[PDB]
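One structure is given below, encoded as structure tokens.
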Amino acid sequence: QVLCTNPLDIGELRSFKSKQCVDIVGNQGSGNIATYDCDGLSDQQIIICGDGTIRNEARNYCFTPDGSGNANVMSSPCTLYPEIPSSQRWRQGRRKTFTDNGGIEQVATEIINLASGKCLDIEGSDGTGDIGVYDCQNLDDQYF
Amino acid sequence: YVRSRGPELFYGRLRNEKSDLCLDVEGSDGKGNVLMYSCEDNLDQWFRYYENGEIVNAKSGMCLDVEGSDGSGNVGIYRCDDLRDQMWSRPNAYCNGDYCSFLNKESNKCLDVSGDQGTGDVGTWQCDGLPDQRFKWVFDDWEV
Ligand SMILES: OC[C@H]1O[C@@H](O[C@@H]2[C@@H](CO)O[C@](O)(CO)[C@H]2O)[C@H](O)[C@@H](O)[C@H]1O
Ligand SMILES: OC[C@H]1O[C@@H](O[C@@H]2[C@@H](CO)O[C@](O)(CO)[C@H]2O)[C@H](O)[C@@H](O)[C@H]1O
Ligand SMILES: OC[C@H]1O[C@@H](O[C@@H]2[C@@H](CO)O[C@](O)(CO)[C@H]2O)[C@H](O)[C@@H](O)[C@H]1O
Ligand SMILES: OC[C@H]1O[C@@H](O[C@@H]2[C@@H](CO)O[C@](O)(CO)[C@H]2O)[C@H](O)[C@@H](O)[C@H]1O
Ligand SMILES: OC[C@H]1O[C@@H](O[C@@H]2[C@@H](CO)O[C@](O)(CO)[C@H]2O)[C@H](O)[C@@H](O)[C@H]1O
Ligand SMILES: [Ca+2]
Ligand SMILES: [Ca+2]
Ligand SMILES: [Ca+2]
Ligand SMILES: [Ca+2]
Ligand SMILES: [Ca+2]
Ligand SMILES: [Mg+2]
Ligand SMILES: [Mg+2]
């Protein structure tokens, strides 16, 4: 099982600030990760995986920090052997919980990298484009 | 010494998960380049996989080998010179059902087909966890 055979959650990963989709350039599901209009293509169907990786329905690829400091986040091959490294694993931090116009309860949280202990982040407090990691500072744009 | 390979783990053809093409050798001598091609019921497309990691072609009696010694480059059939670049493991981590990746012992790189569509030439590449790098052992006499 190279796939995520035990997903916690599957759907569009939206930013709490902008309500915009976390997106991979193109429709292949590989490339740079940045926000964008929700276009309903399978590359925007994000898999929150039980093993702690973040993937997508278009391609068996992992949300990967492009370095060791405050680096850009790309969608690239999952290192799966000998085991998934901590750099490609993520976790829920603090959680804001709200009800959208659909009348459905949503739960936005910080997405914290397990190697650097840093936060999934968009540039500034509302760019609204390029995504990477950063220090966790409770702004409503570090919530997804 | 009489060189032992250990058992005999598999004897069959290798059908590609992405394209359902068979791991093939050019011509029918069992010698030369290895590429993806239509499943033909010839002995040149049957391989024996041993405990020692060698994949031996049933027609030619020679090894599935990578160019040079690094374990990176084009794949073909070549003399079995007990080197680690002619040895492959089948890590359960990169399987999807009965379709599995072959990991080169010398370079930790996967047996791979060029492009994403599992139709071109066969070499080694970074294990990316994609269908075109996964092969099923098949025992039928099917042709296209
Ligand atoms: O900003 C990235 C966006 O890319 C779009 O895809 C573009 C297609 C249009 O056919 O061609 C490219 O130029 C590359 O071949 C892409 O930039 C996606 O539809 C958007 O979802 C978005 O990711
Ligand atoms: O990498 C972006 C990080 O830096 C800050 O955002 C930057 C500020 C600079 O004052 O303005 C931008 O140019 C956005 O228009 C960003 O480059 C934020 O404080 C950090 O949260 C983080 O996003
Ligand atoms: O996919 C490549 C194919 O190559 C053929 O290889 C031989 C070449 C070179 O002499 O020409 C033939 O005579 C054509 O039949 C072959 O002996 C194989 O037939 C195909 O199976 C395939 O490997
Ligand atoms: O062509 C497949 C074979 O490649 C040999 O390595 C060659 C060496 C010199 O022998 O230099 C190259 O031209 C480029 O690196 C290679 O083609 C291997 O020793 C053989 O095991 C075999 O893989
Ligand atoms: O070494 C082979 C690699 O091929 C990549 O695909 C390449 C793309 C972009 O150049 O187009 C080709 O020319 C089509 O055959 C390829 O050279 C694959 O994405 C890699 O997985 C790898 O197999
Ligand atoms: Ca897209
Ligand atoms: Ca920010
Ligand atoms: Ca052939
Ligand atoms: Ca070699
Ligand atoms: Ca490939
Ligand atoms: Mg990014
Ligand atoms: Mg080849």
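Residues in the structure tokens are numbered from 1 in each chain, the chains being A, B, ... in the order shown, and ligands are numbered from 1 in the order shown.
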Can you tell me, as a PDB file with N, CA, C and O atoms, in the first residue's frame, what residues are no more than 9 Å from residue 93 (chain B) when counting only C-alpha atoms, ignoring any on the same chain fewer than 3 positions away?
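Output saved as result14.pdb:
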```pdb
ATOM      1  N   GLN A   1       0.725  -1.251   0.000  1.00  0.00           N
ATOM      2  CA  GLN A   1       0.000   0.000   0.000  1.00  0.00           C
ATOM      3  C   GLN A   1       0.749   1.293   0.000  1.00  0.00           C
ATOM      4  O   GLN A   1       1.032   1.887   1.044  1.00  0.00           O
ATOM      5  N   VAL A   2       1.014   1.723  -1.224  1.00  0.00           N
ATOM      6  CA  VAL A   2       1.712   2.929  -1.575  1.00  0.00           C
ATOM      7  C   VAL A   2       0.702   4.074  -1.501  1.00  0.00           C
ATOM      8  O   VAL A   2       1.052   5.224  -1.246  1.00  0.00           O
ATOM      9  N   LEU A  80       8.506   6.734   1.018  1.00  0.00           N
ATOM     10  CA  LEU A  80       7.650   5.740   1.686  1.00  0.00           C
ATOM     11  C   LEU A  80       8.438   4.574   2.268  1.00  0.00           C
ATOM     12  O   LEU A  80       7.913   3.795   3.071  1.00  0.00           O
ATOM     13  N   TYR A  81       9.695   4.469   1.846  1.00  0.00           N
ATOM     14  CA  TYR A  81      10.585   3.412   2.269  1.00  0.00           C
ATOM     15  C   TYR A  81      11.920   4.036   2.640  1.00  0.00           C
ATOM     16  O   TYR A  81      12.400   4.915   1.923  1.00  0.00           O
ATOM     17  N   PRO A  82      12.531   3.591   3.761  1.00  0.00           N
ATOM     18  CA  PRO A  82      12.099   2.483   4.636  1.00  0.00           C
ATOM     19  C   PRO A  82      10.832   2.802   5.442  1.00  0.00           C
ATOM     20  O   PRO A  82      10.129   1.885   5.872  1.00  0.00           O
ATOM     21  N   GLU A  83      10.568   4.097   5.631  1.00  0.00           N
ATOM     22  CA  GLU A  83       9.354   4.602   6.272  1.00  0.00           C
ATOM     23  C   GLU A  83       9.214   6.087   5.965  1.00  0.00           C
ATOM     24  O   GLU A  83      10.205   6.763   5.625  1.00  0.00           O
TER      25      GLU A  83
ATOM     26  N   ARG B  90      11.760  -6.109  -3.209  1.00  0.00           N
ATOM     27  CA  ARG B  90      10.386  -5.909  -3.550  1.00  0.00           C
ATOM     28  C   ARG B  90       9.697  -5.433  -2.285  1.00  0.00           C
ATOM     29  O   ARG B  90       8.906  -6.172  -1.711  1.00  0.00           O
ATOM     30  N   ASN B  96       0.862  -2.162  -4.300  1.00  0.00           N
ATOM     31  CA  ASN B  96      -0.550  -1.877  -4.265  1.00  0.00           C
ATOM     32  C   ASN B  96      -1.233  -3.163  -4.709  1.00  0.00           C
ATOM     33  O   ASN B  96      -1.316  -3.433  -5.914  1.00  0.00           O
ATOM     34  N   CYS B 100       3.883  -4.401  -7.598  1.00  0.00           N
ATOM     35  CA  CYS B 100       4.963  -3.997  -6.700  1.00  0.00           C
ATOM     36  C   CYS B 100       6.135  -3.357  -7.429  1.00  0.00           C
ATOM     37  O   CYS B 100       6.379  -3.634  -8.606  1.00  0.00           O
ATOM     38  N   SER B 101       6.856  -2.498  -6.711  1.00  0.00           N
ATOM     39  CA  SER B 101       8.033  -1.830  -7.238  1.00  0.00           C
ATOM     40  C   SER B 101       9.267  -2.667  -6.994  1.00  0.00           C
ATOM     41  O   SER B 101       9.359  -3.387  -6.027  1.00  0.00           O
TER      42      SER B 101
END
```
What are the residues of chain B lining chain A at 10 Å or less? Count only C-alpha atoms, and put the answer as a list in words.
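That gives the following set of residues: residues 91, 92, 93, 94, 95, 96, 97, 98, 99, 100, 101, 103, 108, 126, 127, 128, 129, 130, 131 and 134 of chain B.
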Residues from the last selection, N, CA and C atoms, saved as an mmCIF file, in the first residue's frame:
```
data_model
loop_
_atom_site.group_PDB
_atom_site.id
_atom_site.type_symbol
_atom_site.label_atom_id
_atom_site.label_comp_id
_atom_site.auth_asym_id
_atom_site.auth_seq_id
_atom_site.Cartn_x
_atom_site.Cartn_y
_atom_site.Cartn_z
ATOM 1 N N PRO B 91 10.010 -4.206 -1.825
ATOM 2 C CA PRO B 91 9.482 -3.702 -0.547
ATOM 3 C C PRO B 91 7.969 -3.605 -0.515
ATOM 4 N N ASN B 92 7.374 -4.247 0.486
ATOM 5 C CA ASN B 92 5.937 -4.262 0.675
ATOM 6 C C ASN B 92 5.356 -2.849 0.734
ATOM 7 N N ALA B 93 6.194 -1.886 1.115
ATOM 8 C CA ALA B 93 5.792 -0.487 1.260
ATOM 9 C C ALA B 93 5.354 0.156 -0.051
ATOM 10 N N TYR B 94 5.927 -0.295 -1.158
ATOM 11 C CA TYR B 94 5.630 0.295 -2.475
ATOM 12 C C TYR B 94 4.712 -0.560 -3.317
ATOM 13 N N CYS B 95 4.028 -1.511 -2.685
ATOM 14 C CA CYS B 95 3.072 -2.353 -3.400
ATOM 15 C C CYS B 95 1.705 -1.722 -3.385
ATOM 16 N N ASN B 96 0.862 -2.162 -4.300
ATOM 17 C CA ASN B 96 -0.550 -1.877 -4.265
ATOM 18 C C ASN B 96 -1.233 -3.163 -4.709
ATOM 19 N N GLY B 97 -1.680 -3.968 -3.743
ATOM 20 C CA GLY B 97 -2.133 -5.318 -4.041
ATOM 21 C C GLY B 97 -0.937 -6.138 -4.490
ATOM 22 N N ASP B 98 -1.088 -6.782 -5.649
ATOM 23 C CA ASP B 98 -0.071 -7.667 -6.209
ATOM 24 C C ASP B 98 0.891 -6.946 -7.130
ATOM 25 N N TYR B 99 0.677 -5.644 -7.318
ATOM 26 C CA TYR B 99 1.555 -4.814 -8.158
ATOM 27 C C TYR B 99 2.611 -4.151 -7.296
ATOM 28 N N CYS B 100 3.883 -4.401 -7.598
ATOM 29 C CA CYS B 100 4.963 -3.997 -6.700
ATOM 30 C C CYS B 100 6.135 -3.357 -7.429
ATOM 31 N N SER B 101 6.856 -2.498 -6.711
ATOM 32 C CA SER B 101 8.033 -1.830 -7.238
ATOM 33 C C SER B 101 9.267 -2.667 -6.994
ATOM 34 N N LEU B 103 13.144 -2.338 -6.181
ATOM 35 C CA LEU B 103 14.093 -1.386 -5.640
ATOM 36 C C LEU B 103 15.503 -1.917 -5.831
ATOM 37 N N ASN B 108 19.075 2.399 -4.191
ATOM 38 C CA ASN B 108 17.731 2.603 -3.650
ATOM 39 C C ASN B 108 16.784 3.320 -4.623
ATOM 40 N N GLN B 126 13.951 7.752 -9.141
ATOM 41 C CA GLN B 126 13.501 7.892 -7.770
ATOM 42 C C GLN B 126 12.163 7.183 -7.573
ATOM 43 N N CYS B 127 12.035 6.396 -6.505
ATOM 44 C CA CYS B 127 10.755 5.788 -6.190
ATOM 45 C C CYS B 127 9.756 6.898 -5.910
ATOM 46 N N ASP B 128 8.782 7.048 -6.800
ATOM 47 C CA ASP B 128 7.761 8.093 -6.684
ATOM 48 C C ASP B 128 6.359 7.603 -6.268
ATOM 49 N N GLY B 129 6.198 6.286 -6.137
ATOM 50 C CA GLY B 129 4.950 5.678 -5.672
ATOM 51 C C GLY B 129 3.819 5.792 -6.669
ATOM 52 N N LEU B 130 4.180 5.793 -7.955
ATOM 53 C CA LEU B 130 3.225 5.922 -9.076
ATOM 54 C C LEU B 130 3.005 4.634 -9.855
ATOM 55 N N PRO B 131 1.784 4.429 -10.401
ATOM 56 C CA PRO B 131 1.381 3.133 -10.958
ATOM 57 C C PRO B 131 2.359 2.602 -11.989
ATOM 58 N N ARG B 134 5.028 0.018 -10.873
ATOM 59 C CA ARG B 134 4.513 -1.164 -10.190
ATOM 60 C C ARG B 134 4.193 -2.296 -11.153
#
```
Collect all residues with atoms no farther than 7 Å from ligand 6, counting only C-alpha atoms and all ligand atoms, and output them as a PyMOL selection string.
chain A and resi 23-27+41+43-44
Go ahead and save the residues from that selection, with N, CA, C and O atoms, as a PDB file, in the first residue's frame.
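What follows is the written file result-v4.pdb:
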```
ATOM      1  N   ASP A  23      -4.062  24.720  -3.458  1.00  0.00           N
ATOM      2  CA  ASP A  23      -4.003  24.240  -4.840  1.00  0.00           C
ATOM      3  C   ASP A  23      -2.591  23.874  -5.291  1.00  0.00           C
ATOM      4  O   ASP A  23      -1.602  24.476  -4.855  1.00  0.00           O
ATOM      5  N   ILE A  24      -2.533  22.857  -6.146  1.00  0.00           N
ATOM      6  CA  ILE A  24      -1.327  22.496  -6.861  1.00  0.00           C
ATOM      7  C   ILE A  24      -1.427  23.067  -8.280  1.00  0.00           C
ATOM      8  O   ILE A  24      -2.466  22.924  -8.962  1.00  0.00           O
ATOM      9  N   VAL A  25      -0.353  23.737  -8.701  1.00  0.00           N
ATOM     10  CA  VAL A  25      -0.236  24.240 -10.069  1.00  0.00           C
ATOM     11  C   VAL A  25      -0.555  23.144 -11.100  1.00  0.00           C
ATOM     12  O   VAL A  25      -0.134  21.994 -10.963  1.00  0.00           O
ATOM     13  N   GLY A  26      -1.324  23.502 -12.117  1.00  0.00           N
ATOM     14  CA  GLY A  26      -1.709  22.551 -13.143  1.00  0.00           C
ATOM     15  C   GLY A  26      -2.847  21.702 -12.644  1.00  0.00           C
ATOM     16  O   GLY A  26      -3.562  22.094 -11.726  1.00  0.00           O
ATOM     17  N   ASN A  27      -3.023  20.538 -13.250  1.00  0.00           N
ATOM     18  CA  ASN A  27      -4.051  19.606 -12.804  1.00  0.00           C
ATOM     19  C   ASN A  27      -3.501  18.190 -12.593  1.00  0.00           C
ATOM     20  O   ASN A  27      -4.259  17.248 -12.356  1.00  0.00           O
ATOM     21  N   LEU A  41     -11.375  20.348  -9.802  1.00  0.00           N
ATOM     22  CA  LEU A  41     -10.545  19.268 -10.343  1.00  0.00           C
ATOM     23  C   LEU A  41      -9.925  18.432  -9.227  1.00  0.00           C
ATOM     24  O   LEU A  41      -9.633  18.943  -8.134  1.00  0.00           O
ATOM     25  N   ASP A  43      -7.188  17.437  -8.409  1.00  0.00           N
ATOM     26  CA  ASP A  43      -5.953  17.804  -7.727  1.00  0.00           C
ATOM     27  C   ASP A  43      -6.218  18.681  -6.503  1.00  0.00           C
ATOM     28  O   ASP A  43      -5.332  18.873  -5.657  1.00  0.00           O
ATOM     29  N   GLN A  44      -7.441  19.199  -6.409  1.00  0.00           N
ATOM     30  CA  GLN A  44      -7.843  20.015  -5.269  1.00  0.00           C
ATOM     31  C   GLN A  44      -8.560  19.208  -4.204  1.00  0.00           C
ATOM     32  O   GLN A  44      -8.862  19.721  -3.122  1.00  0.00           O
TER      33      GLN A  44
END
```
Please return as a VMD selection string the residues found within 12 Å of ligand 9, counting only C-alpha atoms and all ligand atoms.
chain B and resid 63 to 87 104 to 107 123 to 124
Within-6 Å residues of ligand 5, basis only C-alpha atoms and all ligand atoms, as a list in words:
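So, counting only C-alpha atoms and all ligand atoms, the residues near ligand 5 are residues 112, 113, 114, 115 and 116 of chain B.
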Find the residues near residue 29 (chain B): any atom within 10 Å, counting only C-alpha atoms, skip ones fewer than 5 places away on the same chain, and give them as number ranges by chain.
B: 43-44, 59-60
Convert the current residue selection to file output with N, CA and C atoms, as a PDB file, in the first residue's frame.
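Now in out_34.pdb:
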```pdb
ATOM      1  N   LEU B  43       9.114 -16.768 -24.301  1.00  0.00           N
ATOM      2  CA  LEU B  43       9.957 -17.029 -23.163  1.00  0.00           C
ATOM      3  C   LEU B  43      10.820 -15.820 -22.797  1.00  0.00           C
ATOM      4  N   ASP B  44      10.953 -14.854 -23.713  1.00  0.00           N
ATOM      5  CA  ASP B  44      11.813 -13.690 -23.467  1.00  0.00           C
ATOM      6  C   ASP B  44      11.193 -12.681 -22.507  1.00  0.00           C
ATOM      7  N   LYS B  59      14.654 -16.675 -21.159  1.00  0.00           N
ATOM      8  CA  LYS B  59      15.154 -17.012 -22.495  1.00  0.00           C
ATOM      9  C   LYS B  59      16.669 -17.040 -22.514  1.00  0.00           C
ATOM     10  N   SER B  60      17.286 -15.963 -22.033  1.00  0.00           N
ATOM     11  CA  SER B  60      18.715 -15.749 -22.185  1.00  0.00           C
ATOM     12  C   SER B  60      19.510 -16.285 -21.016  1.00  0.00           C
TER      13      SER B  60
END
```
Do you know which residues are within 7 Å of ligand 7 using only C-alpha atoms and all ligand atoms? Can you write them as a ChimeraX atom specification?
/A:121-126,141-142
Output for the residues just chosen: N, CA and C atoms as a PDB file, in the first residue's frame:
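Writing done, so here's out.pdb:
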```
ATOM      1  N   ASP A 121       1.413  27.632   6.053  1.00  0.00           N
ATOM      2  CA  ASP A 121       1.277  29.078   6.046  1.00  0.00           C
ATOM      3  C   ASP A 121       1.158  29.669   4.648  1.00  0.00           C
ATOM      4  N   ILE A 122       0.373  30.738   4.528  1.00  0.00           N
ATOM      5  CA  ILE A 122       0.357  31.583   3.330  1.00  0.00           C
ATOM      6  C   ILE A 122       1.069  32.909   3.629  1.00  0.00           C
ATOM      7  N   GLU A 123       1.725  33.465   2.610  1.00  0.00           N
ATOM      8  CA  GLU A 123       2.527  34.681   2.755  1.00  0.00           C
ATOM      9  C   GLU A 123       1.749  35.845   3.355  1.00  0.00           C
ATOM     10  N   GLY A 124       2.273  36.378   4.454  1.00  0.00           N
ATOM     11  CA  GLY A 124       1.642  37.484   5.161  1.00  0.00           C
ATOM     12  C   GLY A 124       0.421  37.052   5.938  1.00  0.00           C
ATOM     13  N   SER A 125      -0.602  37.895   5.902  1.00  0.00           N
ATOM     14  CA  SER A 125      -1.862  37.631   6.586  1.00  0.00           C
ATOM     15  C   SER A 125      -2.991  37.685   5.566  1.00  0.00           C
ATOM     16  N   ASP A 126      -2.584  37.649   4.305  1.00  0.00           N
ATOM     17  CA  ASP A 126      -3.484  37.450   3.204  1.00  0.00           C
ATOM     18  C   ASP A 126      -3.033  38.082   1.907  1.00  0.00           C
ATOM     19  N   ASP A 141      -5.348  32.952   8.993  1.00  0.00           N
ATOM     20  CA  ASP A 141      -4.881  32.464   7.688  1.00  0.00           C
ATOM     21  C   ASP A 141      -3.955  31.246   7.800  1.00  0.00           C
ATOM     22  N   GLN A 142      -3.514  30.953   9.019  1.00  0.00           N
ATOM     23  CA  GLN A 142      -2.793  29.721   9.312  1.00  0.00           C
ATOM     24  C   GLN A 142      -3.755  28.615   9.770  1.00  0.00           C
TER      25      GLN A 142
END
```
List as a JSON list (two decimals) with N, CA and C atoms, in the first residue's frame the protein and nucleic acid residues lying within 9 Å of ligand 3, with only C-alpha atoms and all ligand atoms counted.
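Contents of selection31.json, freshly written:
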```
[["chain", "number", "residue", "atom", "x", "y", "z"],
["B", 24, "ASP", "N", 9.48, -6.17, -21.05],
["B", 24, "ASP", "CA", 9.90, -6.88, -22.25],
["B", 24, "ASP", "C", 11.37, -6.61, -22.61],
["B", 25, "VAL", "N", 11.98, -7.58, -23.29],
["B", 25, "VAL", "CA", 13.30, -7.43, -23.89],
["B", 25, "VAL", "C", 13.19, -7.34, -25.42],
["B", 26, "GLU", "N", 14.01, -6.46, -26.01],
["B", 26, "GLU", "CA", 14.01, -6.23, -27.45],
["B", 26, "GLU", "C", 14.38, -7.51, -28.19],
["B", 27, "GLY", "N", 13.68, -7.76, -29.28],
["B", 27, "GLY", "CA", 13.86, -9.00, -30.00],
["B", 27, "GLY", "C", 13.19, -10.13, -29.27],
["B", 28, "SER", "N", 13.80, -11.30, -29.37],
["B", 28, "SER", "CA", 13.33, -12.48, -28.65],
["B", 28, "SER", "C", 14.52, -13.36, -28.27],
["B", 29, "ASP", "N", 15.71, -12.79, -28.40],
["B", 29, "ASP", "CA", 16.94, -13.42, -27.95],
["B", 29, "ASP", "C", 16.99, -13.45, -26.41],
["B", 30, "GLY", "N", 16.30, -12.50, -25.77],
["B", 30, "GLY", "CA", 16.42, -12.30, -24.34],
["B", 30, "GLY", "C", 17.60, -11.42, -23.95],
["B", 33, "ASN", "N", 18.27, -4.35, -24.64],
["B", 33, "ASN", "CA", 17.49, -3.35, -23.92],
["B", 33, "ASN", "C", 16.26, -3.96, -23.28],
["B", 34, "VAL", "N", 15.84, -3.36, -22.17],
["B", 34, "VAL", "CA", 14.57, -3.70, -21.56],
["B", 34, "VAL", "C", 13.62, -2.53, -21.72],
["B", 35, "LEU", "N", 12.43, -2.81, -22.23],
["B", 35, "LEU", "CA", 11.41, -1.79, -22.41],
["B", 35, "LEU", "C", 10.00, -2.33, -22.14],
["B", 36, "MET", "N", 9.02, -1.43, -22.13],
["B", 36, "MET", "CA", 7.65, -1.87, -22.02],
["B", 36, "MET", "C", 7.15, -2.23, -23.41],
["B", 37, "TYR", "N", 6.38, -3.31, -23.50],
["B", 37, "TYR", "CA", 5.82, -3.74, -24.77],
["B", 37, "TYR", "C", 4.63, -4.61, -24.56],
["B", 38, "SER", "N", 3.91, -4.92, -25.63],
["B", 38, "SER", "CA", 2.71, -5.78, -25.54],
["B", 38, "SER", "C", 3.07, -7.15, -24.99],
["B", 39, "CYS", "N", 2.18, -7.70, -24.17],
["B", 39, "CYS", "CA", 2.39, -9.04, -23.64],
["B", 39, "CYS", "C", 2.33, -10.06, -24.76],
["B", 40, "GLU", "N", 3.45, -10.72, -24.97],
["B", 40, "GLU", "CA", 3.53, -11.77, -25.96],
["B", 40, "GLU", "C", 3.89, -13.04, -25.22],
["B", 42, "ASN", "N", 5.96, -15.30, -25.28],
["B", 42, "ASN", "CA", 7.32, -15.78, -25.54],
["B", 42, "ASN", "C", 8.12, -15.90, -24.26],
["B", 44, "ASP", "N", 10.95, -14.85, -23.71],
["B", 44, "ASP", "CA", 11.81, -13.69, -23.47],
["B", 44, "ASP", "C", 11.19, -12.68, -22.51],
["B", 45, "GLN", "N", 9.94, -12.91, -22.11],
["B", 45, "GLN", "CA", 9.23, -12.00, -21.21],
["B", 45, "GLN", "C", 8.98, -12.59, -19.82]]
```
Got a sec: who's within 12 Å of residue 107 (chain A), counting only C-alpha atoms, leaving out chain neighbours fewer than 3 positions off, as a VMD selection string?
chain A and resid 9 13 to 16 92 to 100 104 110 143 to 144
List every residue of chain A that DSSP, applied to the backbone, labels as strand (DSSP E or B), and write the result as a PyMOL selection string.
chain A and resi 7-12+14+21-24+31-36+45-49+54-56+59+61-65+72-77+90-99+105-113+119-122+130-134
Using only C-alpha atoms and all ligand atoms, which protein or nucleic acid residues are at most 10 Å from ligand 11, as a ChimeraX atom specification?
/A:22-25,31-35,63-66,71-75,120-123,129-133
Can you measure CA of residue 90 (chain A) to CA of residue 48 (chain A) for me? One decimal in Å is fine.
9.2 Å
Between CA of residue 11 (chain B) and CA of residue 119 (chain B), what is the distance, to one decimal in Å?
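For CA of residue 11 (chain B) relative to CA of residue 119 (chain B), the distance reads 22.8 Å.
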May I ask which of the residues B:138, B:32, B:121, B:46 is the closest one to ligand 4, counting only C-alpha atoms and all ligand atoms?
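Looking only at the distances to ligand 4, the closest residue turns out to be B:32.
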